[PDB]
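Have a look at the structure below before the remarks.
Where a number appears in this text, it was derived from the coordinates with a stated rule and is not lab data. All Cβ positions, even for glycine, are placed from backbone atoms using ideal geometry, and neighbour counts span all protein chains on display.
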Amino acid sequence: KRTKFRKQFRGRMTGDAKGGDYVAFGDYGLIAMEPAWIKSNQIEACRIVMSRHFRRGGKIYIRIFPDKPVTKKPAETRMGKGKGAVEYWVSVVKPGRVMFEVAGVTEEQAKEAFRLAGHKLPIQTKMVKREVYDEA
Amino acid sequence: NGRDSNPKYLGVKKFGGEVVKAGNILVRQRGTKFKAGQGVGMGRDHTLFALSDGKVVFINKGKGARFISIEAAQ
Amino acid sequence: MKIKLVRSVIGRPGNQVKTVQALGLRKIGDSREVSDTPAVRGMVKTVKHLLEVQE
Amino acid sequence: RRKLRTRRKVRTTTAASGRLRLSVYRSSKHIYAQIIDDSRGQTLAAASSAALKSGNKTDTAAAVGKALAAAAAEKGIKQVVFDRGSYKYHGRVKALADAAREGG
Amino acid sequence: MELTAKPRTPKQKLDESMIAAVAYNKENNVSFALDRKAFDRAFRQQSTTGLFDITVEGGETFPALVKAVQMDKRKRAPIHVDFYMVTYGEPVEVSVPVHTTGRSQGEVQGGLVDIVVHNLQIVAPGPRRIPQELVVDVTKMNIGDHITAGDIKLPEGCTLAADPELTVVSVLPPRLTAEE
RNA sequence: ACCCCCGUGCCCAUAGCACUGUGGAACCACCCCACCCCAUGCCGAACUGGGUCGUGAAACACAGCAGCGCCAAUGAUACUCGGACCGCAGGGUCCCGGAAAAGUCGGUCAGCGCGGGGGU
RNA sequence: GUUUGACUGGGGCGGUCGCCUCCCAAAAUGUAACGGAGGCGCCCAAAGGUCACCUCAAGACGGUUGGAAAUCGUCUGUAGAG
RNA sequence: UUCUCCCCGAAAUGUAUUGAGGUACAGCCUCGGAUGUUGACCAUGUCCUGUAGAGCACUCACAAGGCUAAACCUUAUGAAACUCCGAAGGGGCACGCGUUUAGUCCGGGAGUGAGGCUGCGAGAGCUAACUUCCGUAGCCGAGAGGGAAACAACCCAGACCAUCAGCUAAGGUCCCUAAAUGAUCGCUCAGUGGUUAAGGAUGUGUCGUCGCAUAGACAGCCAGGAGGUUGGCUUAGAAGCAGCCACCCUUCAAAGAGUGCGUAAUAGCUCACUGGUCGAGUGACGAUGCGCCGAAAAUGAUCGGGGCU
Ligand SMILES: [Mg+2]
Ligand SMILES: [Mg+2]
Ligand SMILES: [Mg+2]
Ligand SMILES: [Mg+2]
Ligand SMILES: [Mg+2]
Ligand SMILES: [Mg+2]
Ligand SMILES: [Mg+2]
Ligand SMILES: [Mg+2]
Ligand SMILES: [Mg+2]
Ligand SMILES: [Mg+2]
Ligand SMILES: [Mg+2]
Ligand SMILES: [Mg+2]
Ligand SMILES: [Mg+2]
Ligand SMILES: [Mg+2]
Ligand SMILES: [Mg+2]
Ligand SMILES: [Mg+2]
Ligand SMILES: [Mg+2]
Ligand SMILES: [Mg+2]
Ligand SMILES: [Mg+2]
Ligand SMILES: [Mg+2]
Ligand SMILES: [Mg+2]
Ligand SMILES: [Mg+2]
Ligand SMILES: [Mg+2]
Ligand SMILES: [Mg+2]
Ligand SMILES: [Mg+2]
Ligand SMILES: [Mg+2]
Ligand SMILES: [Mg+2]
Ligand SMILES: [Mg+2]
Ligand SMILES: [Mg+2]
Ligand SMILES: [Mg+2]
Ligand SMILES: [Mg+2]
Ligand SMILES: [Mg+2]
Ligand SMILES: [Mg+2]
Ligand SMILES: [Mg+2]
Ligand SMILES: [Mg+2]
Ligand SMILES: [Mg+2]
Ligand SMILES: [Mg+2]
Ligand SMILES: [Mg+2]
Ligand SMILES: [Mg+2]
Ligand SMILES: [Mg+2]
Ligand SMILES: [Mg+2]
Ligand SMILES: [Mg+2]
Ligand SMILES: [Mg+2]
Ligand SMILES: [Mg+2]
Ligand SMILES: [Mg+2]
Ligand SMILES: [Mg+2]
Ligand SMILES: [Mg+2]
Ligand SMILES: [Mg+2]
Ligand SMILES: [Mg+2]
Ligand SMILES: [Mg+2]
Ligand SMILES: [Mg+2]
Ligand SMILES: [Mg+2]
Ligand SMILES: [Mg+2]
Ligand SMILES: [Mg+2]
Ligand SMILES: [Mg+2]
Ligand SMILES: [Mg+2]
Ligand SMILES: [Mg+2]
Ligand SMILES: [Mg+2]
Ligand SMILES: [Mg+2]
Ligand SMILES: [Mg+2]
Ligand SMILES: [Mg+2]
Ligand SMILES: [Mg+2]
Ligand SMILES: [Mg+2]
Ligand SMILES: [Mg+2]
Ligand SMILES: [Mg+2]
Ligand SMILES: [Mg+2]
Ligand SMILES: [Mg+2]
Ligand SMILES: [Mg+2]
Ligand SMILES: [Mg+2]
Ligand SMILES: [Mg+2]
Ligand SMILES: [Mg+2]
């Protein structure tokens, strides 16, 4: 979620997913197909959603995380400066990036627990399995 | 805030291969970015200038190994 | 080679303009013979989409 | 420490001067003073305490200083030159200078 | 398993299912074009855990082990597939998955067996006999137990690639909470 | 000419470090003592100065060694000049040359001079 | 008899005017916004001239009213200091 | 702010201004003299650069562990104000290895100093605006002609004059209008074409991954579907099925301490699985082409219309 001290501001641009893998930290994982921002909530609700459908088990891994601060109209117009320091925090994700990963649950077990968290997400997604093994 | 100030114009004035005169300015940069080589002087502001007329040439490998030098023609 | 000017210079970027002039083609439909040389082939390879080069 | 020498060796901007470099190097009670062409990759006129025991007391550098001074003066070549090293002035090293300078 | 044509020409590839690739022993390397269909039907059976034979058009059979594979984001299918060679009994270190056989009595205790790391690099000797898997007995460990890399069985003198004390399998405790 | 040592360059880690083995009256080094030259804001440790024995220990010098460093392909990709496009938009594609970073295969524990002292 | 500034997503209220540094700035220079951060209106008779020598931050071990931190010792120490 | 034809032909940027819709200077236009390829494009050669991308070696941030809370190790990331690195392009100089035709200086006269749109690169904005502010190309501006129904900017294209002549560009060739109700192979039953999305579906067409075949599976129909037993905890009781913990054993051609329905609780009815009866395929995940639903705003409707399978 919202983090400790920073640079405090940003603009915006979009490429393709750089540091997201295919797999990591578990059997099954979740992958975003569309460039977008994810907020402090969303993924926070996604954790809660997924975990609710589990035993509550601590087997869930979230590779994503909010860094980028966003802003908003104090009330209205253009009068004055750029403003809105805390409105919300976002985490940019690009396609192919892996978002969440789970541990030790079965096939349908994590299929449905990803599906529940599929909603609450501004983008379409697909879960996965491991073939490419890369650790270095 | 709104307070940023001035252009400052630092550059490499005469690039390698070029024919300098005596007193021409070869580089404008900040502290050490280029080291004065053979036939090249340096001022208060750093900023290499030409000691002797001729052809200017760049020499570097890595780091602070960058050098600007002159040689005559005839 | 063999060069001819089909698409015009209206609405095209600046450098390509001068090069149409360089090759000496003024009206479209124009055609002229050219040498095989480093600087000339580079002048057609610049504007290649504006010309049908016969061979 | 080992930058003692390289403070001095770089202290003399070499080919910008137009002069030559004279490297005095002391190790034992013997000194070897040699003169080098800076621009070119070469050396000019050697001296030594090696074939010596001219004087008994180091300050036999007087001999090798005058030995270089004469050995060089056959090639012509006298202006200032004069490198030095980690070693200070006066004493044993200035017995070499005044043997060359004013002695050459 | 097999390939015929392997040109430098790029656009002859995706007209059929084929992956742009290479192979090298350091004595030589060369152009590659490999059928994708039977490849991921093959690599699936093998990975880095073992080598398979290659037959190029022109009657040349050189046995090789899969090394690194560059995957396309936004898709499943791979775009690259690097290959390496075999010189017995020296050859390069091989990544070995941790399969965790038997049910621990600590998973019965309300915990979960979790493998911190898989595909251990190790090495040696024969790349005929390569360790295509790694058997690790977990019935001994219960809760809070961290099985390190010095406890892992690797027959025929296969030296550990990483630190001996590096944690591979650790069973994680049951979910706990106290304060409101 | 060759072996090697002392000096001093060019190059300006593929020439660097640690593990380590050879080296000793010829060269280097420590060691030796120093009221004064000279000098440590305390100590001659450092400069400095007077000289052997000893020692080859330290420092230095060369040979070894590819564990670490440093250099590092070919393949593919990212991106992109130019051409031609799809999407309400975030964004994406096709052709055309150009073409990285990382990673792997590997490659190394340098090269090239000037002068002088000493063995053959 | 006259004066009572401008900027300004209308004017006013608020803020802002000159100077230095970074980002914006699209690998030349240049480049705007009431865009994103921060400083200046000094000091230094030695913090200058030159001439010589000197090498830092930090960690670990061991050490005395002194322990997070001190002062000393050895080791590490392309700069992690100034 | 009044008579004609001809030649050229801009500017809405910079800097400063009691300056902001005004002036000065420079930039851009023209006339004349001088000079004379010095201009232009493109190619080679050579230097300069830190964005794109990438990458943690520095600074800030940050995911899961290991270790005895910083450091440290395995694994893993973000970055306008981070950089171990780093293009494509861009800039200067030299050369003309080869095509072109401008360029500079001196002097007379100006105007413009309110710009606009689109694509690309950013900021601000809400990754809103026929927004706002810079960069960059092209057009309108000052541009007629063809196209986009109408339509500054978009696509194709720069109008010296005449012709009841010819070839093409963008776009088109059923009728309203010119011109194939052309051809070959597909696709779409929606008027989709000719209103947007999350999400949803045995709509169809091309590929793919698998698992059960005549040793008779998927459906259909006949029965069986049993034994500790009401597994323990908890609740007014909870006996497969409120519910948290667990989910072993017996019999067997085979039957989960069990999937749905049911009761206040067991009963009661099917499935899971076995046997029989009958025939040849049948079931499950993703990829893709084109469709479906999702799809409500105010005077009368419609793709320009007629109309089109
Ligand atoms: Mg963008
Ligand atoms: Mg990476
Ligand atoms: Mg600036
Ligand atoms: Mg270098
Ligand atoms: Mg030496
Ligand atoms: Mg001897
Ligand atoms: Mg001593
Ligand atoms: Mg040693
Ligand atoms: Mg390559
Ligand atoms: Mg791509
Ligand atoms: Mg393009
Ligand atoms: Mg469009
Ligand atoms: Mg793209
Ligand atoms: Mg091109
Ligand atoms: Mg390309
Ligand atoms: Mg290339
Ligand atoms: Mg590389
Ligand atoms: Mg390697
Ligand atoms: Mg060595
Ligand atoms: Mg020699
Ligand atoms: Mg006003
Ligand atoms: Mg206002
Ligand atoms: Mg006003
Ligand atoms: Mg203010
Ligand atoms: Mg710039
Ligand atoms: Mg630029
Ligand atoms: Mg401007
Ligand atoms: Mg501004
Ligand atoms: Mg801003
Ligand atoms: Mg005209
Ligand atoms: Mg000013
Ligand atoms: Mg004017
Ligand atoms: Mg004129
Ligand atoms: Mg006249
Ligand atoms: Mg000419
Ligand atoms: Mg010129
Ligand atoms: Mg020219
Ligand atoms: Mg950057
Ligand atoms: Mg980037
Ligand atoms: Mg940067
Ligand atoms: Mg590297
Ligand atoms: Mg370059
Ligand atoms: Mg005038
Ligand atoms: Mg007039
Ligand atoms: Mg006037
Ligand atoms: Mg004005
Ligand atoms: Mg204006
Ligand atoms: Mg403007
Ligand atoms: Mg914003
Ligand atoms: Mg506007
Ligand atoms: Mg106007
Ligand atoms: Mg028009
Ligand atoms: Mg115009
Ligand atoms: Mg028109
Ligand atoms: Mg019309
Ligand atoms: Mg229209
Ligand atoms: Mg319009
Ligand atoms: Mg008009
Ligand atoms: Mg176009
Ligand atoms: Mg005309
Ligand atoms: Mg016609
Ligand atoms: Mg056409
Ligand atoms: Mg008709
Ligand atoms: Mg027809
Ligand atoms: Mg959908
Ligand atoms: Mg059925
Ligand atoms: Mg019940
Ligand atoms: Mg309830
Ligand atoms: Mg259950
Ligand atoms: Mg019953
Ligand atoms: Mg029945």
D:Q79 versus E:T159: modelled label distance in nm, points set 7 Å from Cα along the beta carbon direction: 6.0 nm
query: In the Gaussian network model of chain D, springs joining C-alpha atoms below 10 Å, which of D:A15, D:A33, D:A46 carries the largest mean-square fluctuation?
result: D:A15
query: Which of E:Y24, E:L3, E:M71 sits closest to the plus end of the dipole of region E:1-86, meaning its Cα is farthest towards the positive end, when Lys and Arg get +1 and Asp and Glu get -1 on the C-beta?
result: E:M71
- line: trypsin sites (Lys or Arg not before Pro) in region A:84-136 lying in a DSSP loop, each with at most 13 other Cβ atoms within 10 Å of its Cβ, come to A:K129
- prompt: Each label point is 7 Å from the Cα along the Cα-to-Cβ direction; what then is the distance between the points at E:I143 and E:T87, in nm?
  reply: 5.4 nm
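Sum -39500 (n - 2.57) across every DSSP H segment of at least 4 residues in chain A, then divide by the residue count to get the 222 nm mean residue ellipticity, nearest 500. Display every interim value, and only then the final one.
Numbers: 2 runs with 23 residues, N = 136.
The per-residue figure over chain A is -5000 deg cm²/dmol.
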message: Explain nothing, just the number: relative contact order of region E:1-86, from Cα pairs under 8 Å at least 6 residues apart, as a whole percent.
response: 31 percent
Table column - 3J(HN,Hα) (Hz), region A:92-109, Karplus curve with 6.51, -1.76, 1.60, x for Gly and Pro: 6, 10, 10, x, x, 5, 8, 9, 10, 9, 10, 10, x, 6, 7, 6, 4, 3
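For the ranges D:73-85, A:35-47, what's the packing order if you count other beta-carbon atoms within 10 Å of each residue, average per peptide, and put the highest first? Kindly include the intermediate steps, with their values, before the conclusion.
Numbers: D:73-85: 13.5, A:35-47: 17.9.
Output ranking for D:73-85, A:35-47: A:35-47, D:73-85.
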message: Residues of region E:62-85 with the amide nitrogen closer than 15 Å to a label point 7 Å from the Cα of E:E27, along Cα-to-Cβ, please.
response: E:62-65, E:84-85
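222 nm [θ] for chain E, helices only, -39500 (n - 2.57) per DSSP H run of 4+, per residue, to 500? Working shown, then result.
Values: 1 runs with 4 residues, N = 180.
That comes out to -500 deg cm²/dmol.
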message: Which of C:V20, C:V34, C:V44 ends up with the largest GNM mean-square fluctuation for chain C, with Cα atoms connected below 10 Å?
response: C:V34
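Show me the ranking of peptides D:88-100, A:68-80 by mean Cβ neighbours inside 10 Å, starting with the highest. Walk me through the intermediate numbers first.
Details: D:88-100: 16.8, A:68-80: 10.3.
Output ranking for D:88-100, A:68-80: D:88-100, A:68-80.
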field: Inter-site label distance for E:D53 and E:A178 at 7 Å from Cα along Cβ, in nm
entry: 6.5 nm
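Counting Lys +1, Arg +1, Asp -1, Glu -1, what net charge surrounds A:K129 among other residues with beta carbon under 15 Å of its beta carbon? Could the numbers behind the result be given before it?
On the way: positive: A:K111, A:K126, A:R130, E:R44, E:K75, E:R76; negative: A:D21, A:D27, A:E101, A:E107, A:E108, A:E131, A:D134, E:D40.
Net local charge, A:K129 excluded: -2.
For region E:12-102, run through the GluC sites (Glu not before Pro) and keep only the ones in DSSP coil with at most 15 other Cβ atoms within 10 Å of their Cβ. All intermediate terms of the calculation are to be shown ahead of the outcome.
On the way: sites: E:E16, E:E27, E:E57, E:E60, E:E93; in loops: E:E16, E:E27, E:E57, E:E93.
When the GluC sites (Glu not before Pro) of region E:12-102 are filtered for loop state and at most 15 Cβ neighbours within 10 Å, E:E16, E:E27, E:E57, E:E93 remain.
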task: Take every residue in peptide E:107-113, count the Cβ atoms of other chains within 10 Å of its Cβ, and give the average of those counts.
output: 2
query: What's the local net charge at A:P35, with K and R +1, D and E -1, over the other residues with C-beta under 10 Å away?
result: 0
field: Relative contact order (percent, whole number), chain D, Cα cutoff 8 Å, 6+ residue spacing
entry: 30 percent
- line: Neighbours of A:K83 by Cβ distance under 9 Å: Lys/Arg at +1, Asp/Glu at -1, summed charge +3
- prompt: Ordered by residue, what ³J(HN,Hα) values in Hz, to whole numbers, does region A:5-19 give under the Karplus form 6.51 cos²θ - 1.76 cosθ + 1.60, where θ = phi - 60° and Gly and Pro are x?
  reply: 3, 8, 7, 5, 8, 7, x, 7, 7, 9, x, 10, 4, 9, x
field: Karplus (6.51, -1.76, 1.60) ³J(HN,Hα), θ = phi - 60°, over region E:79-95, in Hz, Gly and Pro reported as x
entry: 9, 9, 6, 5, 10, 10, 10, 10, 10, 6, x, 5, x, 3, 3, 10, 6
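So if a site counts as exposed when it's one of the chymotrypsin sites (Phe, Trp or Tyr not before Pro), its DSSP state isn't H, G, I, E or B, and it has at most 15 other Cβ atoms within 10 Å, what's the longest stretch of chain B without one? Intermediate results must be reported in sequence, preceding the final value.
On the way: sites that count: B:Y9, B:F15.
With chymotrypsin sites (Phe, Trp or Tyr not before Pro) excluded where exposed in loops, chain B gives B:16-74 as its longest stretch.
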task: Could you grab the relative contact order for chain E? Cα pairs under 8 Å, six or more apart, rounded to a whole percent.
output: 18 percent
query: Counting other Cβ atoms within 10 Å of each Cβ, which trypsin sites (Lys or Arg not before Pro) in chain B have at most 11 and sit in a DSSP loop?
result: B:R3, B:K8, B:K21, B:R30, B:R44, B:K61, B:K63
